[PDB]
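Undergrad: Questions regarding the structure given below will be posed in turn.
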Amino acid sequence: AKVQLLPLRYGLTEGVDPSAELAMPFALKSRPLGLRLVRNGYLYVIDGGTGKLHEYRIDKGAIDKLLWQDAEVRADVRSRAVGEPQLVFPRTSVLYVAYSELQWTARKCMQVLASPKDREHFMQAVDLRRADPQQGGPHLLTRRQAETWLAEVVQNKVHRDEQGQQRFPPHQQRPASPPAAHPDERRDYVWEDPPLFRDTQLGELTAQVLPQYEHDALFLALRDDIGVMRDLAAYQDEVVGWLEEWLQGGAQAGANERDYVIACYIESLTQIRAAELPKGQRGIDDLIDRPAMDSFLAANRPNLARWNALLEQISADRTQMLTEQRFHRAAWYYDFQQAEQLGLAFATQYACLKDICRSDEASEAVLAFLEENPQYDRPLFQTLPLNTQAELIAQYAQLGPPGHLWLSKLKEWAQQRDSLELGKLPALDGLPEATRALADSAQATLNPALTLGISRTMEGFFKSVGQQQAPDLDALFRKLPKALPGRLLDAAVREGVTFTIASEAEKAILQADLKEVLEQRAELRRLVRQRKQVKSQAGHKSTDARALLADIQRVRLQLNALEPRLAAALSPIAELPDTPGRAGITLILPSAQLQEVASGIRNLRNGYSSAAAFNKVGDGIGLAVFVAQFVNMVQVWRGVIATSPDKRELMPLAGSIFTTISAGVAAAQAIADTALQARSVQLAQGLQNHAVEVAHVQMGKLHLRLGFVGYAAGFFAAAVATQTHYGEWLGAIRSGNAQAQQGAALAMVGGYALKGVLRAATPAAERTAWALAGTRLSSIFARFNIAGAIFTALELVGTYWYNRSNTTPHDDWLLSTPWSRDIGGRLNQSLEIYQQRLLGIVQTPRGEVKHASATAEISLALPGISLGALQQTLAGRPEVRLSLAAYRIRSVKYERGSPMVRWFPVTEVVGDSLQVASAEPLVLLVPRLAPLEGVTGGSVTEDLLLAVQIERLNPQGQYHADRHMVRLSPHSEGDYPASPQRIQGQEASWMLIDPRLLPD
């Protein structure tokens, strides 16, 4: 040889940034791509002068052993010190180098010994001729360069100036990290799963130079893209650890989260109320100890800003490894032909990619990467060899669906692909459940990217919907992430998922039944309009309105027979309540899985989100149910456009179809979450048994938010893709960024399917979700979760019509929040309880009365009770079983003795005559009912009371009624809040609102 190299890796470093002197190959934002001791590792080096493969083991930063140095296949496990651990080479060679955590199988030595197209694509090339002993070279550093830039030496070394005092190089002057910071954030290199960083003297690495090379040697940066991805993963996890442990801190479980989220709600309300002044803070400061609250915010906001901007830059640094192929280009050496390595491979793909789609800019980078490179979604496709399989990439393009009719042969296509793939890819069958739990979790690590790709394709669909233009299903299915076909062909063998296609007979039957459903809905709309006209001209006492009501009841019964069948046609599964109608495609399943999926979907559509268990149902049936509804949604909506109906009926009809789609999408999601949690024990067991010693490799802090295959998250994120404000505010809050929060807030000012499956038990499910960022991911949980519910509060409070009225229930809330000036006033409810109570206090039924220059409008807001929650899923139950009991209140006054008050029921009239005046989120309308008769020798005054039983099908599926008691005046412009009351003994009837009966 003529030179010695030494193994460094690129790594995260606390500021020891060589980029001022050297060109960073991939320029990390969050921590400088400084040089570091190498993780416990296998190192491989190909010499272009000979073609031989070298193999090295790394322990504690340095070469432990050399264990092959050979040109040929031998054995998959190697356990000898073959010779000199040093890296020594002729200075004329080009080397190709790569870092690995596992011994490579002989199939992987063969993959880069023999073929240069794989070798030069996967392994990092270093040109020894380019290097210079006084400037360095490509990935090659001089002794003085390493002394300057090796962070483990440099980090805590006391640098010295020309007068012998401490010099502070730019990683020192570490910026006065405040006593507000988490105790572990005080410590450097917090990604300590296990602790690997240590203060080092370069003497220990010069001890690795063979003395003759002490003048000649250089330091080599091994592009340890796996080790960097693990460091960034464990660092993201540890910043989630800071977020969770701080949020959970304070005097009670979740006390600090409670305090901060309530402080940020109070600050947002303050900022909005102030911003309404130039177009009032005393009302808050009388209640809230503002100097304490704002000092707490001023301390914790710099923490949250630092933590979020750090996580954002970790996202950017990770997905610079998922645009440049550096991850898959490193993870190429996994070899499913050894089952232990198949497990270690899924575990290391999980460790590197876990929560990698932490945020939208990450999800979009990984998505665009998979859209360019969809083959990597097959298990270990980067390992096949990938480039020998570049010829079969043409077969995958030939397997590229000719639209949905591909699915009609899906079992044949799966067998044909297996005929391509047999021995070439992992067979995910017969493997123990711990290993296939790993396999699914690994494929799920990329899955929030597929969630965004599904979301963008559903965006293309919902655009076509808003444009009222029939989408080409063949286009849509091709545009879907070609990951999806690759997983669905796996589900076709794993689950027995056997798609039939609706025959032209079935398609024609369902097209006729859609023509029925739509002509009946048009008849219903006409009948409702006529009924309203009659009520306007003849009142609710007229018989003609009762004849129209009988017609409405007829058509409603017909719809309630047809729409179960329409929902089963739209269902993933053959189980009609039964000739069968179908459109698009449908799953045939083994009868156990079929019956479980049928009962589960029936429960979900009927609200029973719990006891909708899916014990034996896998993620494969998840995906199959999803794409079966994608196809049947597209095909039904194309059928509707083939009817070309009233555009005014398109929107309710599309909405309701999207409810039933969303309910089986939610079944796909709840299958995914149940498979995730039921496998979670097997996953933890696999990790603890036989994940790599090189990390504790824990189940990610966000796994229960990012490991489910996302169909309901991606569906909803597509449905509100435009509605950025929720994600903007919740992102800025999780940012703590005060001016970003103020911007999001002022720009904003200027269920059993979705809610019930995306909401979860909050300790596991909010303090974890705070590490999520970006508009779409944060907007999902903003629309549904408890911090999201507080945003649904902010959407109501601070608006002018709310500011116009008595905040007293909310003022009592405030003065019972943790920031009350008297602790004795504080009622230290847990944040879940404060969220419930605040929601109940803002999503009170909240009445308004308005006058026009002869006529008055009396209305009753139901904040968050969208009509989409009142509307009945095609077959199913209403999510909000809104039940306006109506009472009239009569009073007479006397010169002596106490005045009298009496209640009367009127409930039947208000159900017979209330109306909708906004679909979401905050109106319902009630007629100006006539007063009661007077009394002789005196006078009568009347109040109205609308005992609005709001009721929501809770996670239990139970009739969780909330008997609010709004009391209102008939003839004065007023806003009338509500709070529970003792009722006047015996209840009235409680008529149930079904909004299909309601004019809109």
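Ligands are numbered from 1 in the order shown, chains are lettered A, B, ... in the order of the structure tokens, and residues start at 1 in each chain.
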May I have the residues within 9 Å of residue 245 of chain A as an mmCIF file with C-alpha atoms, in the first residue's frame, using only C-alpha atoms and disregarding those fewer than 5 positions away in the same chain?
TA:
```
data_model
loop_
_atom_site.group_PDB
_atom_site.id
_atom_site.type_symbol
_atom_site.label_atom_id
_atom_site.label_comp_id
_atom_site.auth_asym_id
_atom_site.auth_seq_id
_atom_site.Cartn_x
_atom_site.Cartn_y
_atom_site.Cartn_z
ATOM 1 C CA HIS A 182 -35.453 20.563 29.737
ATOM 2 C CA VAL A 240 -40.624 14.082 21.567
ATOM 3 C CA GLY A 254 -50.590 16.541 32.304
ATOM 4 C CA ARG A 767 -48.669 14.447 24.039
#
```
Undergrad: With a cut-off of 8 Å, could you pull out the residues of segment 841-894 of chain A touching segment 913-925 of chain A and give me the nearest pair of atoms for each, distance in Å to one decimal, using only C-alpha atoms, ordered by chain and ascending number, as CSV?
TA:
```
residue,atom,partner,partner_atom,distance
A:857,CA,A:925,CA,8.0
A:858,CA,A:925,CA,6.4
A:859,CA,A:925,CA,4.5
A:860,CA,A:924,CA,5.1
A:861,CA,A:923,CA,4.2
A:862,CA,A:922,CA,5.1
A:863,CA,A:922,CA,4.6
A:864,CA,A:921,CA,4.9
A:865,CA,A:921,CA,5.9
A:866,CA,A:920,CA,4.5
A:867,CA,A:919,CA,5.2
A:868,CA,A:919,CA,7.7
```
Undergrad: With C-alpha atoms kept, could you save the residues just selected as a compact mmCIF listing (two decimals), in the first residue's frame?
TA:
```txt
# COMPACT_ATOMS: atom_id res chain seq x y z
CA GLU A 857 -84.91 35.73 12.98
CA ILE A 858 -84.51 33.36 15.93
CA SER A 859 -81.59 30.95 15.56
CA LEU A 860 -79.69 28.40 17.64
CA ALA A 861 -76.01 27.80 16.92
CA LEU A 862 -74.64 24.30 17.55
CA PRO A 863 -70.89 24.91 17.18
CA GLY A 864 -69.22 21.88 15.63
CA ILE A 865 -72.55 20.16 14.84
CA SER A 866 -72.11 20.16 11.09
CA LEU A 867 -75.00 18.77 9.07
CA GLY A 868 -72.47 16.13 8.00
```
Undergrad: Tell me, which residues of segment 62-257 of chain A carry DSSP alpha helix (DSSP H), written as a ChimeraX atom specification?
TA: /A:106-113,116-122,143-149,151-154,183-186,203-206,225-248,255-257
Undergrad: For segment 461-463 of chain A, work out the shell of residues within 12 Å, counting only C-alpha atoms and skipping chain neighbours fewer than 2 positions away, then give it as a ChimeraX atom specification.
TA: /A:454-459,465-473,475-477,479-480,630-631,633-635,637-638,651,654-655,658,715-722
Undergrad: Export N, CA, C and O atoms of the chosen residues as a compact mmCIF listing (two decimals), in the first residue's frame?
TA:
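Contents of result_16.txt, freshly written:
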```
# COMPACT_ATOMS: atom_id res chain seq x y z
N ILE A 454 -51.97 9.01 -1.57
CA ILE A 454 -53.41 8.78 -1.57
C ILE A 454 -54.17 10.08 -1.39
O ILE A 454 -55.18 10.32 -2.06
N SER A 455 -53.75 10.91 -0.44
CA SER A 455 -54.44 12.17 -0.19
C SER A 455 -54.43 13.06 -1.43
O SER A 455 -55.46 13.63 -1.79
N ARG A 456 -53.28 13.23 -2.07
CA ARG A 456 -53.21 14.00 -3.32
C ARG A 456 -54.02 13.39 -4.46
O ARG A 456 -54.58 14.12 -5.28
N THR A 457 -54.13 12.06 -4.53
CA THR A 457 -54.98 11.48 -5.56
C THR A 457 -56.46 11.67 -5.26
O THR A 457 -57.26 11.97 -6.17
N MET A 458 -56.84 11.54 -4.00
CA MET A 458 -58.17 11.95 -3.56
C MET A 458 -58.39 13.45 -3.75
O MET A 458 -59.52 13.88 -3.94
N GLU A 459 -57.33 14.25 -3.71
CA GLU A 459 -57.44 15.67 -4.06
C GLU A 459 -57.79 15.84 -5.52
O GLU A 459 -58.64 16.66 -5.88
N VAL A 465 -64.71 16.36 -8.57
CA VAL A 465 -66.02 16.52 -7.93
C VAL A 465 -66.45 17.99 -7.91
O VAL A 465 -67.55 18.33 -8.36
N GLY A 466 -65.60 18.86 -7.37
CA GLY A 466 -65.95 20.27 -7.31
C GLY A 466 -66.17 20.87 -8.69
O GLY A 466 -66.97 21.79 -8.86
N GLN A 467 -65.45 20.35 -9.69
CA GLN A 467 -65.62 20.75 -11.08
C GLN A 467 -66.80 20.05 -11.73
O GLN A 467 -67.18 20.43 -12.85
N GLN A 468 -67.38 19.05 -11.06
CA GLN A 468 -68.48 18.24 -11.60
C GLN A 468 -68.09 17.56 -12.91
O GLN A 468 -68.92 17.38 -13.80
N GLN A 469 -66.82 17.17 -13.03
CA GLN A 469 -66.30 16.50 -14.20
C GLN A 469 -65.96 15.06 -13.83
O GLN A 469 -65.22 14.83 -12.87
N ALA A 470 -66.49 14.12 -14.59
CA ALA A 470 -66.28 12.70 -14.33
C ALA A 470 -64.80 12.35 -14.43
O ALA A 470 -64.19 12.56 -15.49
N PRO A 471 -64.18 11.83 -13.37
CA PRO A 471 -62.78 11.42 -13.46
C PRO A 471 -62.64 10.10 -14.19
O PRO A 471 -63.47 9.19 -14.06
N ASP A 472 -61.57 9.99 -14.98
CA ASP A 472 -61.15 8.71 -15.53
C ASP A 472 -60.62 7.85 -14.40
O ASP A 472 -59.58 8.15 -13.81
N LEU A 473 -61.34 6.77 -14.08
CA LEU A 473 -60.85 5.84 -13.07
C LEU A 473 -59.51 5.24 -13.46
O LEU A 473 -58.68 4.97 -12.59
N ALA A 475 -57.00 6.59 -15.32
CA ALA A 475 -56.08 7.65 -14.90
C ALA A 475 -55.88 7.68 -13.39
O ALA A 475 -54.74 7.68 -12.92
N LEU A 476 -56.96 7.76 -12.61
CA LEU A 476 -56.81 7.89 -11.16
C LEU A 476 -56.03 6.71 -10.58
O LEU A 476 -55.12 6.88 -9.76
N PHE A 477 -56.39 5.50 -11.00
CA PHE A 477 -55.77 4.29 -10.49
C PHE A 477 -54.29 4.20 -10.88
O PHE A 477 -53.47 3.73 -10.09
N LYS A 479 -52.48 6.94 -11.40
CA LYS A 479 -51.86 8.04 -10.67
C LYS A 479 -51.69 7.75 -9.19
O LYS A 479 -50.79 8.32 -8.56
N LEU A 480 -52.54 6.91 -8.60
CA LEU A 480 -52.28 6.44 -7.24
C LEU A 480 -50.84 5.95 -7.10
O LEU A 480 -50.26 5.45 -8.07
N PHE A 630 -62.36 3.22 -2.99
CA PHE A 630 -61.89 4.17 -4.00
C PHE A 630 -62.53 3.86 -5.34
O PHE A 630 -63.13 4.73 -5.98
N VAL A 631 -62.42 2.60 -5.78
CA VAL A 631 -63.00 2.17 -7.05
C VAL A 631 -64.52 2.34 -7.06
O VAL A 631 -65.09 2.85 -8.02
N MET A 633 -66.38 4.31 -5.18
CA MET A 633 -66.67 5.74 -5.12
C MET A 633 -66.54 6.39 -6.48
O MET A 633 -67.45 7.10 -6.94
N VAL A 634 -65.41 6.16 -7.16
CA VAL A 634 -65.22 6.69 -8.50
C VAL A 634 -66.30 6.18 -9.44
O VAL A 634 -66.88 6.95 -10.21
N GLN A 635 -66.56 4.87 -9.44
CA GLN A 635 -67.55 4.30 -10.35
C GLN A 635 -68.97 4.79 -10.07
O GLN A 635 -69.70 5.11 -11.01
N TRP A 637 -69.68 7.70 -8.68
CA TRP A 637 -69.75 9.12 -9.01
C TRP A 637 -69.74 9.35 -10.52
O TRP A 637 -70.43 10.25 -11.02
N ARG A 638 -68.97 8.55 -11.26
CA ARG A 638 -69.13 8.48 -12.71
C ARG A 638 -70.54 8.09 -13.13
O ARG A 638 -71.06 8.63 -14.11
N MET A 651 -74.23 17.95 -4.28
CA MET A 651 -73.44 18.17 -3.07
C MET A 651 -73.94 17.36 -1.87
O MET A 651 -73.11 16.72 -1.21
N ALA A 654 -73.17 13.56 -3.03
CA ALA A 654 -71.73 13.33 -2.91
C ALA A 654 -71.30 13.29 -1.46
O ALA A 654 -70.55 12.40 -1.06
N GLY A 655 -71.74 14.26 -0.66
CA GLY A 655 -71.45 14.22 0.77
C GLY A 655 -71.84 12.91 1.44
O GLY A 655 -71.05 12.34 2.19
N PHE A 658 -69.73 10.06 0.26
CA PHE A 658 -68.47 10.24 0.97
C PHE A 658 -68.56 9.91 2.46
O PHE A 658 -67.57 9.49 3.04
N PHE A 715 -57.62 10.34 3.61
CA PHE A 715 -58.93 10.74 3.10
C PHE A 715 -59.36 12.09 3.66
O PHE A 715 -59.73 13.00 2.90
N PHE A 716 -59.34 12.25 4.99
CA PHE A 716 -59.75 13.53 5.55
C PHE A 716 -58.80 14.66 5.15
O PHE A 716 -59.25 15.78 4.86
N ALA A 717 -57.49 14.39 5.13
CA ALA A 717 -56.53 15.41 4.72
C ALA A 717 -56.75 15.84 3.28
O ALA A 717 -56.44 16.98 2.92
N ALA A 718 -57.27 14.95 2.44
CA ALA A 718 -57.65 15.34 1.09
C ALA A 718 -58.94 16.15 1.09
O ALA A 718 -59.05 17.14 0.36
N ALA A 719 -59.91 15.74 1.90
CA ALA A 719 -61.19 16.44 1.94
C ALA A 719 -61.05 17.88 2.43
O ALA A 719 -61.85 18.74 2.05
N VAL A 720 -60.06 18.17 3.28
CA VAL A 720 -59.83 19.53 3.75
C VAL A 720 -58.43 20.01 3.38
O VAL A 720 -57.85 20.86 4.08
N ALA A 721 -57.89 19.47 2.29
CA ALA A 721 -56.57 19.88 1.80
C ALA A 721 -56.43 21.39 1.70
O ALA A 721 -55.36 21.95 1.99
N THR A 722 -57.49 22.07 1.28
CA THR A 722 -57.46 23.53 1.16
C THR A 722 -57.57 24.25 2.50
O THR A 722 -57.12 25.39 2.60
```
Undergrad: Looking only at the backbone, which of the residues in segment 13-179 of chain A does DSSP tag as strand (DSSP E or B), as a PyMOL selection string?
TA: chain A and resi 33-36+38+41-47+53-59+61-66+70+83+87-89+94-100+124-127+132+136-137+140-141+150+160+166
Undergrad: Could you dump the residues just selected with C-alpha atoms as a tab-separated table (two decimals), in the first residue's frame?
TA:
```tsv
chain	number	residue	atom	x	y	z
A	33	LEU	CA	-22.66	17.13	9.38
A	34	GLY	CA	-19.52	16.98	11.49
A	35	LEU	CA	-17.16	14.05	11.69
A	36	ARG	CA	-17.61	11.56	14.50
A	38	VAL	CA	-18.24	5.42	13.87
A	41	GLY	CA	-20.74	-1.35	12.64
A	42	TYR	CA	-19.68	-3.53	9.80
A	43	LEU	CA	-17.65	-1.61	7.21
A	44	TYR	CA	-17.17	-2.72	3.59
A	45	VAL	CA	-14.67	-1.42	1.03
A	46	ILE	CA	-14.39	-2.38	-2.66
A	47	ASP	CA	-11.04	-1.68	-4.33
A	53	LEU	CA	-14.46	-6.93	-1.14
A	54	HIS	CA	-13.07	-5.88	2.23
A	55	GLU	CA	-15.14	-6.21	5.39
A	56	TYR	CA	-14.48	-4.53	8.73
A	57	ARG	CA	-16.20	-4.51	12.11
A	58	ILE	CA	-16.54	-1.24	14.04
A	59	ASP	CA	-16.56	-1.09	17.82
A	61	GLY	CA	-15.45	4.22	16.82
A	62	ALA	CA	-12.61	2.17	15.32
A	63	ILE	CA	-11.98	-1.05	13.42
A	64	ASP	CA	-12.51	-3.99	15.74
A	65	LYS	CA	-11.72	-6.68	13.16
A	66	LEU	CA	-11.08	-7.35	9.51
A	70	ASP	CA	-12.01	-11.65	-0.42
A	83	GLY	CA	-5.97	-9.81	9.29
A	87	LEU	CA	-7.52	0.52	5.79
A	88	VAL	CA	-4.44	0.66	3.54
A	89	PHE	CA	-4.52	1.15	-0.20
A	94	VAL	CA	-10.67	4.39	-6.63
A	95	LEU	CA	-12.44	2.79	-3.68
A	96	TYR	CA	-16.14	2.14	-3.26
A	97	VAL	CA	-17.11	2.11	0.41
A	98	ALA	CA	-20.27	1.53	2.43
A	99	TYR	CA	-21.27	1.17	6.08
A	100	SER	CA	-23.49	-1.60	7.39
A	124	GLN	CA	-19.75	5.50	-1.92
A	125	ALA	CA	-16.85	6.22	-4.27
A	126	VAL	CA	-13.65	7.95	-3.10
A	127	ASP	CA	-10.90	8.93	-5.54
A	132	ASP	CA	-3.72	15.61	-1.20
A	136	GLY	CA	-7.20	16.44	1.84
A	137	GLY	CA	-9.53	15.08	-0.79
A	140	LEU	CA	-10.76	12.67	2.97
A	141	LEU	CA	-9.33	14.96	5.65
A	150	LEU	CA	-13.67	15.83	14.85
A	160	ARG	CA	-7.13	28.43	23.88
A	166	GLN	CA	-10.22	29.97	26.70
```
Undergrad: With a distance cut-off of 9 Å and only C-alpha atoms, select the neighbouring residues of residue 684 of chain A, excluding the residue or stretch itself and same-chain residues fewer than 6 positions from it, and output the selection as a list in words.
TA: residues 434, 698 and 699 of chain A
Undergrad: Save the residues we just selected, N, CA and C atoms, as a PDB file, in the first residue's frame?
TA:
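Saved result, selection38.pdb, follows:
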```
ATOM      1  N   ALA A 434     -44.363 -12.166  15.004  1.00  0.00           N
ATOM      2  CA  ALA A 434     -43.453 -11.092  15.397  1.00  0.00           C
ATOM      3  C   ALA A 434     -42.680 -10.526  14.206  1.00  0.00           C
ATOM      4  N   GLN A 698     -36.537   1.561  20.193  1.00  0.00           N
ATOM      5  CA  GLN A 698     -37.861   1.470  20.794  1.00  0.00           C
ATOM      6  C   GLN A 698     -38.950   1.745  19.764  1.00  0.00           C
ATOM      7  N   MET A 699     -40.124   1.161  20.000  1.00  0.00           N
ATOM      8  CA  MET A 699     -41.315   1.540  19.253  1.00  0.00           C
ATOM      9  C   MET A 699     -41.514   3.045  19.328  1.00  0.00           C
TER      10      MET A 699
END
```
Undergrad: Between atom CA of residue 190 of chain A and atom CA of residue 224 of chain A, what is the distance in Å, rounded to a tenth?
TA: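 If I compute the distance from atom CA of residue 190 of chain A to atom CA of residue 224 of chain A, I get 18.9 Å.
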Undergrad: To one decimal in Å, tell me the separation between atom CA of residue 242 of chain A and atom CA of residue 13 of chain A.
TA: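 Going from atom CA of residue 242 of chain A over to atom CA of residue 13 of chain A covers 19.1 Å.
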Undergrad: Please provide the set of residues having any atom within 10 Å of residue 988 of chain A, restricted to only C-alpha atoms, with same-chain residues fewer than 5 positions apart removed, written as number ranges by chain.
TA: A: 885-887, 903-908, 947
Undergrad: Would you put the residues from that selection into a file with N, CA, C and O atoms, as a PDB file, in the first residue's frame?
TA:
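Done, and the output landed in part13.pdb:
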```pdb
ATOM      1  N   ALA A 885     -86.040  19.103  22.407  1.00  0.00           N
ATOM      2  CA  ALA A 885     -87.220  19.315  23.233  1.00  0.00           C
ATOM      3  C   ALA A 885     -87.515  20.803  23.339  1.00  0.00           C
ATOM      4  O   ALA A 885     -86.619  21.608  23.608  1.00  0.00           O
ATOM      5  N   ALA A 886     -88.775  21.169  23.131  1.00  0.00           N
ATOM      6  CA  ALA A 886     -89.201  22.560  23.149  1.00  0.00           C
ATOM      7  C   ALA A 886     -90.170  22.769  24.300  1.00  0.00           C
ATOM      8  O   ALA A 886     -91.097  21.975  24.489  1.00  0.00           O
ATOM      9  N   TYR A 887     -89.952  23.833  25.064  1.00  0.00           N
ATOM     10  CA  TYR A 887     -90.834  24.211  26.155  1.00  0.00           C
ATOM     11  C   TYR A 887     -91.190  25.682  26.038  1.00  0.00           C
ATOM     12  O   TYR A 887     -90.341  26.517  25.710  1.00  0.00           O
ATOM     13  N   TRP A 903     -94.190  25.800  32.924  1.00  0.00           N
ATOM     14  CA  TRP A 903     -93.706  25.276  31.655  1.00  0.00           C
ATOM     15  C   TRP A 903     -94.807  24.510  30.931  1.00  0.00           C
ATOM     16  O   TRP A 903     -95.626  23.836  31.563  1.00  0.00           O
ATOM     17  N   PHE A 904     -94.825  24.621  29.606  1.00  0.00           N
ATOM     18  CA  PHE A 904     -95.617  23.754  28.750  1.00  0.00           C
ATOM     19  C   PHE A 904     -94.738  23.142  27.670  1.00  0.00           C
ATOM     20  O   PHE A 904     -93.775  23.770  27.221  1.00  0.00           O
ATOM     21  N   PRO A 905     -95.045  21.924  27.232  1.00  0.00           N
ATOM     22  CA  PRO A 905     -94.330  21.346  26.092  1.00  0.00           C
ATOM     23  C   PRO A 905     -94.859  21.860  24.763  1.00  0.00           C
ATOM     24  O   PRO A 905     -96.048  22.152  24.607  1.00  0.00           O
ATOM     25  N   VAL A 906     -93.951  21.953  23.788  1.00  0.00           N
ATOM     26  CA  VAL A 906     -94.271  22.421  22.441  1.00  0.00           C
ATOM     27  C   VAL A 906     -93.399  21.614  21.479  1.00  0.00           C
ATOM     28  O   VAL A 906     -93.408  21.834  20.263  1.00  0.00           O
ATOM     29  N   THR A 907     -92.682  20.625  22.028  1.00  0.00           N
ATOM     30  CA  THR A 907     -91.601  19.954  21.305  1.00  0.00           C
ATOM     31  C   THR A 907     -92.004  19.516  19.900  1.00  0.00           C
ATOM     32  O   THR A 907     -91.230  19.678  18.947  1.00  0.00           O
ATOM     33  N   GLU A 908     -93.205  18.951  19.750  1.00  0.00           N
ATOM     34  CA  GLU A 908     -93.631  18.446  18.447  1.00  0.00           C
ATOM     35  C   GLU A 908     -93.609  19.518  17.363  1.00  0.00           C
ATOM     36  O   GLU A 908     -93.314  19.214  16.201  1.00  0.00           O
ATOM     37  N   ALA A 947     -84.884  22.987  25.023  1.00  0.00           N
ATOM     38  CA  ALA A 947     -84.100  21.951  25.695  1.00  0.00           C
ATOM     39  C   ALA A 947     -83.419  21.079  24.647  1.00  0.00           C
ATOM     40  O   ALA A 947     -83.818  19.947  24.365  1.00  0.00           O
TER      41      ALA A 947
END
```
Undergrad: One number please: atom CA of residue 505 of chain A to atom CA of residue 518 of chain A, in Å, one decimal.
TA: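 So the answer is 19.8 Å.
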